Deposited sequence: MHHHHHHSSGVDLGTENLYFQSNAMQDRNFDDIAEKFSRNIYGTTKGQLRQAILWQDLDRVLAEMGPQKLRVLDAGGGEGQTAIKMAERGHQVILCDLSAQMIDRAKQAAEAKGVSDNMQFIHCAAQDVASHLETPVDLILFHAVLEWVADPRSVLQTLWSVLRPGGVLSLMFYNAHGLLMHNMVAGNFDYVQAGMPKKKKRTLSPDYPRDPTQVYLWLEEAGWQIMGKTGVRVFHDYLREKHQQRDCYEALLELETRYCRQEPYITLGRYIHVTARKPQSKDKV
């Protein structure tokens, strides 16, 4: 074991990360892509649907940028957690909370949307093509889909690094870890045009000394940022964030 005391760490004077490093890194990389696409889409405010929004962290941040956000989730508890985190951050006036399945969201919406966030939900649905078609149908032409899905290759790599050989050998963490090649095909089949692909946590989870995730977070973030949009790193991401536009 290595002494991690304050005096030993190169990044000792950098800010600490309040939550989890897995979450902080995920947010950072995701928002690099979201800021890049938002700047592309011009200065006008958007109508954004966050389907399967959970406790609303991303949706609340989206509401902080002025947009009207519609969060949808199957869990009533997630919705109540969301409403409260939103009130706390004084953005209750810029958000909607719909308690329903993403598959049924079209009946709860009045006009189409400009941007849809479907983050970490595709691996939880048994009907992924159908959910994608629902999303495609509530999005305006020219609109964008920000799709972040749990990558089966990341799962395998994580478990091999961790020495969980019996699991990787036998199989049977979400219900349906996805094959990136099949996800891209689903998107292209429906008619979406893929703009970008980013691996989310391409190195972080695989570090031999896990303490470095926190102790060397900034240096790690710089290298994740550098390599996360190149193969093979994209395909080694724990999640893959694909941005796609409807023509």
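| message | Please give the gaps, as residue ranges numbered from 1 in the deposited sequence, where no C-alpha is present. | response | Residues missing from the model, as numbered along the full deposited sequence, span 1-24, 197-204, 280-285.
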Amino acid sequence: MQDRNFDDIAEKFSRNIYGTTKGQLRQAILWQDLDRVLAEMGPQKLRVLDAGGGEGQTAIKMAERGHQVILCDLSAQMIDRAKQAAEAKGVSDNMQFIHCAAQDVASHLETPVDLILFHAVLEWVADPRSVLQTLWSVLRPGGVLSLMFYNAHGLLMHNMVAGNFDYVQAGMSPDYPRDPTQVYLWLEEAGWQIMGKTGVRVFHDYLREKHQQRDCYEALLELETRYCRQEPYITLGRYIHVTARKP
From here on, numbers count along this sequence of modelled residues.
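| Stretch with the higher entry mean CA B-factor, where the candidates are 207-215 and 189-197 | Between 189-197 and 207-215, it is 189-197 that shows the higher mean C-alpha B-factor.
| query | According to the deposited model, is the average Cα temperature factor higher in 216-224 or in 36-44? | reply | For C-alpha atoms only, the mean B-factor is higher in 36-44.
| said: Among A152, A126, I79, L132, where is the Cα B factor highest in this entry? | reply: Among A152, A126, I79, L132, the PDB entry lists the largest C-alpha B-factor for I79.
| Candidate residues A170, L109, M148, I116, the one whose C-alpha B factor the record puts highest | In the PDB entry, the greatest C-alpha B-factor among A170, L109, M148, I116 is found at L109.
| query | Based on the entry's values, in what third of the chain does the Cα temperature factor of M1 lie: lowest, middle or highest? | reply | Answer is highest: the recorded C-alpha B-factor places it there.
| Chain-relative CA temperature factor third for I29 | Lowest third, going by the recorded CA B-factors of the chain.
| said: Test of reading the entry: by CA B factor among the chain's modelled residues, which third contains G53? | reply: For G53, the deposited C-alpha B-factor lands in the middle third.
| said: Where does the C-alpha B-factor of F97 rank in its chain, lowest, middle or highest third? | reply: Highest third - that is where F97 ends up once the chain's C-alpha B-factors are sorted.
| task | Tell me, lowest, middle or highest third: where does the Cα B factor of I60 rank within its chain? | result | Middle third.
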